[PDB]
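The structure file target03.pdb is reproduced below (PDB, C-alpha atoms and all ligand atoms).
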```
MODEL        1
ATOM      1  CA  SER A  22      19.190  -9.513-126.635
ATOM      2  CA  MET A  23      17.324 -11.205-129.476
ATOM      3  CA  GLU A  24      16.661  -7.912-131.254
ATOM      4  CA  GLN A  25      20.393  -7.170-131.385
ATOM      5  CA  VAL A  26      21.025 -10.563-133.016
ATOM      6  CA  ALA A  27      18.248  -9.901-135.538
ATOM      7  CA  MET A  28      19.799  -6.534-136.420
ATOM      8  CA  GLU A  29      23.210  -8.143-136.799
ATOM      9  CA  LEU A  30      21.643 -10.732-139.104
ATOM     10  CA  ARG A  31      20.234  -7.892-141.219
ATOM     11  CA  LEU A  32      23.659  -6.224-141.354
ATOM     12  CA  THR A  33      25.237  -9.559-142.245
ATOM     13  CA  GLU A  34      22.725 -10.017-145.055
ATOM     14  CA  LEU A  35      23.350  -6.462-146.258
ATOM     15  CA  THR A  36      27.078  -7.259-146.245
ATOM     16  CA  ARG A  37      26.443 -10.371-148.340
ATOM     17  CA  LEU A  38      24.491  -8.356-150.926
ATOM     18  CA  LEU A  39      27.106  -5.576-150.994
ATOM     19  CA  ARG A  40      29.884  -8.134-151.478
ATOM     20  CA  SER A  41      28.070  -9.294-154.615
ATOM     21  CA  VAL A  42      27.592  -5.681-155.737
ATOM     22  CA  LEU A  43      31.283  -4.902-155.110
ATOM     23  CA  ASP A  44      32.357  -7.867-157.249
ATOM     24  CA  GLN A  45      30.080  -6.760-160.073
ATOM     25  CA  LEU A  46      31.329  -3.153-159.935
ATOM     26  CA  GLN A  47      34.970  -4.185-159.877
ATOM     27  CA  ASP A  48      34.368  -6.255-163.019
ATOM     28  CA  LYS A  49      33.656  -2.958-164.813
ATOM     29  CA  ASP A  50      37.288  -1.993-164.104
ATOM     30  CA  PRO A  51      39.068  -4.630-166.166
ATOM     31  CA  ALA A  52      42.247  -2.508-166.188
ATOM     32  CA  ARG A  53      42.440  -2.706-162.347
ATOM     33  CA  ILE A  54      43.044   1.049-162.278
ATOM     34  CA  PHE A  55      40.901   1.348-159.136
ATOM     35  CA  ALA A  56      41.924  -1.878-157.419
ATOM     36  CA  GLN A  57      44.374  -0.395-154.907
ATOM     37  CA  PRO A  58      45.030   2.937-153.172
ATOM     38  CA  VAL A  59      46.937   5.454-155.297
ATOM     39  CA  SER A  60      50.560   5.088-154.171
ATOM     40  CA  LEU A  61      51.648   8.124-152.193
ATOM     41  CA  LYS A  62      55.243   7.033-152.730
ATOM     42  CA  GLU A  63      54.804   7.068-156.502
ATOM     43  CA  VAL A  64      52.373  10.018-156.549
ATOM     44  CA  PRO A  65      53.628  12.163-153.672
ATOM     45  CA  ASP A  66      51.371  15.190-154.345
ATOM     46  CA  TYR A  67      48.138  13.182-154.473
ATOM     47  CA  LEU A  68      46.793  14.282-151.082
ATOM     48  CA  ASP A  69      47.272  17.954-152.015
ATOM     49  CA  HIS A  70      44.626  17.315-154.669
ATOM     50  CA  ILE A  71      42.401  14.601-153.245
ATOM     51  CA  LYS A  72      41.217  14.938-149.655
ATOM     52  CA  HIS A  73      39.438  11.588-149.377
ATOM     53  CA  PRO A  74      41.172   8.828-151.351
ATOM     54  CA  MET A  75      39.248   5.632-152.083
ATOM     55  CA  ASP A  76      39.750   2.349-153.951
ATOM     56  CA  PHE A  77      38.221  -1.129-154.198
ATOM     57  CA  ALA A  78      40.641  -2.802-151.762
ATOM     58  CA  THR A  79      39.852  -0.176-149.131
ATOM     59  CA  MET A  80      36.101  -0.653-149.722
ATOM     60  CA  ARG A  81      36.491  -4.407-149.373
ATOM     61  CA  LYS A  82      38.247  -3.999-146.011
ATOM     62  CA  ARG A  83      35.401  -1.855-144.677
ATOM     63  CA  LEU A  84      32.833  -4.252-146.124
ATOM     64  CA  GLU A  85      34.331  -7.328-144.468
ATOM     65  CA  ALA A  86      34.363  -5.517-141.127
ATOM     66  CA  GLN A  87      30.630  -4.950-141.767
ATOM     67  CA  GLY A  88      31.361  -1.219-141.860
ATOM     68  CA  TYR A  89      28.631  -0.257-144.347
ATOM     69  CA  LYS A  90      25.357   0.237-142.438
ATOM     70  CA  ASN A  91      23.289   0.948-145.565
ATOM     71  CA  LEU A  92      23.631   1.141-149.357
ATOM     72  CA  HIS A  93      24.063   4.922-149.293
ATOM     73  CA  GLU A  94      27.352   4.655-147.374
ATOM     74  CA  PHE A  95      28.631   2.061-149.858
ATOM     75  CA  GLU A  96      27.636   4.247-152.816
ATOM     76  CA  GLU A  97      29.377   7.250-151.260
ATOM     77  CA  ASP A  98      32.673   5.354-151.306
ATOM     78  CA  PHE A  99      32.150   4.097-154.890
ATOM     79  CA  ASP A 100      31.389   7.654-156.007
ATOM     80  CA  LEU A 101      34.663   8.789-154.352
ATOM     81  CA  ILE A 102      36.656   6.384-156.514
ATOM     82  CA  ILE A 103      35.107   7.859-159.655
ATOM     83  CA  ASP A 104      34.981  11.510-158.617
ATOM     84  CA  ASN A 105      38.554  11.570-157.308
ATOM     85  CA  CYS A 106      39.807  10.167-160.599
ATOM     86  CA  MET A 107      37.844  12.592-162.756
ATOM     87  CA  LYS A 108      39.313  15.537-160.861
ATOM     88  CA  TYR A 109      42.956  14.433-160.644
ATOM     89  CA  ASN A 110      43.177  13.277-164.264
ATOM     90  CA  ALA A 111      42.408  15.204-167.450
ATOM     91  CA  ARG A 112      39.628  14.166-169.834
ATOM     92  CA  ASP A 113      41.982  12.773-172.451
ATOM     93  CA  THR A 114      43.614  10.220-170.144
ATOM     94  CA  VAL A 115      43.138   6.492-169.790
ATOM     95  CA  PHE A 116      42.425   7.091-166.079
ATOM     96  CA  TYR A 117      39.570   9.577-166.565
ATOM     97  CA  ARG A 118      38.038   7.477-169.315
ATOM     98  CA  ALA A 119      38.183   4.345-167.133
ATOM     99  CA  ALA A 120      36.308   6.225-164.419
ATOM    100  CA  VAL A 121      33.598   7.343-166.855
ATOM    101  CA  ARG A 122      33.090   3.767-168.047
ATOM    102  CA  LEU A 123      33.006   2.467-164.457
ATOM    103  CA  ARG A 124      30.420   5.110-163.526
ATOM    104  CA  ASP A 125      28.188   4.370-166.511
ATOM    105  CA  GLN A 126      28.321   0.581-166.252
ATOM    106  CA  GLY A 127      28.166   0.607-162.460
ATOM    107  CA  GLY A 128      25.012   2.711-162.447
ATOM    108  CA  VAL A 129      23.105  -0.219-163.913
ATOM    109  CA  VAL A 130      24.260  -2.501-161.084
ATOM    110  CA  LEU A 131      23.504   0.020-158.357
ATOM    111  CA  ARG A 132      20.039   0.729-159.760
ATOM    112  CA  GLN A 133      18.963  -2.881-159.233
ATOM    113  CA  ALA A 134      20.873  -3.145-155.929
ATOM    114  CA  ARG A 135      18.758  -0.295-154.538
ATOM    115  CA  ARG A 136      15.593  -2.172-155.514
ATOM    116  CA  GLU A 137      16.888  -5.331-153.805
ATOM    117  CA  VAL A 138      17.889  -3.560-150.605
ATOM    118  CA  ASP A 139      14.442  -1.941-150.421
ATOM    119  CA  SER A 140      12.664  -5.146-151.487
ATOM    120  CA  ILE A 141      14.339  -7.564-149.069
ATOM    121  CA  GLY A 142      14.315  -4.786-146.474
ATOM    122  CA  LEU A 143      17.959  -4.749-145.421
ATOM    123  CA  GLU A 144      17.841  -1.328-143.729
TER
HETATM  124  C1  LIG B   1      43.527   5.927-160.109
HETATM  125  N1  LIG B   1      44.805   6.569-160.438
HETATM  126  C2  LIG B   1      44.860   7.916-160.666
HETATM  127  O1  LIG B   1      43.865   8.611-160.516
HETATM  128  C3  LIG B   1      46.146   8.524-161.151
HETATM  129  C4  LIG B   1      47.303   7.939-160.388
HETATM  130  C5  LIG B   1      47.245   6.442-160.534
HETATM  131  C6  LIG B   1      48.408   5.678-160.636
HETATM  132  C7  LIG B   1      48.315   4.295-160.755
HETATM  133  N2  LIG B   1      49.451   3.524-160.865
HETATM  134  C8  LIG B   1      47.049   3.663-160.769
HETATM  135  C9  LIG B   1      45.912   4.405-160.655
HETATM  136  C10 LIG B   1      45.996   5.799-160.545
ENDMDL
END
```

This structure in C-alpha cells:
Amino acid sequence: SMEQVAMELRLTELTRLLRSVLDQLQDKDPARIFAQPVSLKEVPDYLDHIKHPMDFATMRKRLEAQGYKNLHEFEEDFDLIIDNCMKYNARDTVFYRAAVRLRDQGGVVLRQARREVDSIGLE
C-alpha cells in the first residue's frame, strides 16, 4: 500500500536524523569509553550488576536496522549507557566522570533533536 511506503519513508527520515544525533553524541565521548559493549570476558561480573548493558556500537546496529520507532526509544538506550556507568563505577573514576560529561553535553543535542522531530513531524 502507499500508506505503508509513506510510513517507511518517515521511519527512514527519522533514522537519518537519529544517525546525525548519534554521531554528535558519540563526539562527546572522546575517550571512546562507551564505544563498545563492556567485555564480559574482561569484566566477568558485569551482568550481576547491570541488567541491561548498552553502548554506542549496539545503538548503531539497532539504528541501521531502523529499530528506533521514535526519539524516546533512542533516548532510552542513550540513558542506559550513562546510567549503567554511573552505577557500576564510583564517583571518583574516569568512567563515572566521562558519563557525567556525556550526559551534560548530550542533553544540549537531544534538546534540539526533540524540537526537530516534532517540527518535521517524524512520529
Ligand atoms: C564503560 N565501562 C565501565 O563502565 C567499566 C568497565 C569498562 C571497561 C572498559 N575497558 C571500557 C569501558 C568500561

Counting all atoms listed in the file, what is within 10 Å of stretch 108-111 of chain A, bar same-chain residues fewer than 3 positions away, as a compact mmCIF listing (two decimals) with C-alpha atoms, in the frame of the given file?
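Written file, out.txt:
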```
# COMPACT_ATOMS: atom_id res chain seq x y z
CA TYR A 67 48.14 13.18 -154.47
CA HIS A 70 44.63 17.32 -154.67
CA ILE A 71 42.40 14.60 -153.24
CA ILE A 103 35.11 7.86 -159.66
CA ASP A 104 34.98 11.51 -158.62
CA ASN A 105 38.55 11.57 -157.31
CA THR A 114 43.61 10.22 -170.14
CA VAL A 115 43.14 6.49 -169.79
CA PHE A 116 42.42 7.09 -166.08
CA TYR A 117 39.57 9.58 -166.56
CA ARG A 118 38.04 7.48 -169.32
CA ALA A 120 36.31 6.22 -164.42
```

- request: Just give me the gap between atom CA of residue A:24 and atom CA of residue A:94 in Å, one decimal is fine.
  value: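 These atoms are spaced 23.1 Å apart.
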
- prompt: So which one's closest to ligand LIG 1 (chain B), A:93, A:30, A:54, A:141? Using only C-alpha atoms and all ligand atoms, please.
  reply: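 Checking each candidate against ligand LIG 1 (chain B), we get A:54 as the closest.
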
Counting only C-alpha atoms and all ligand atoms, the residue of A:106, A:63, A:72, A:80 that sits nearest ligand LIG 1 (chain B): A:106

Separation of atom CA of residue A:81 from atom CA of residue A:98 in Å: 10.7 Å

task: List the neighbours of residue A:91 out to 12 Å using only C-alpha atoms; skip same-chain residues closer than 4 positions along the sequence, and give me the result as number ranges by chain.
output: A: 31-36, 38-39, 84, 87, 95-98, 134-135, 138-139, 142-144

message: Which residue is closest to ligand LIG 1 (chain B)? Choose from A:85, A:125, A:113, A:76 and count only C-alpha atoms and all ligand atoms.
response: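 Of A:85, A:125, A:113, A:76, the one nearest ligand LIG 1 (chain B), counting only C-alpha atoms and all ligand atoms, is A:76.
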
- request: To one decimal in Å, tell me the separation between atom CA of residue A:77 and atom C5 of ligand LIG 1 (chain B).
  value: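 Result for atom CA of residue A:77 versus atom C5 of ligand LIG 1 (chain B): 13.4 Å, one decimal.
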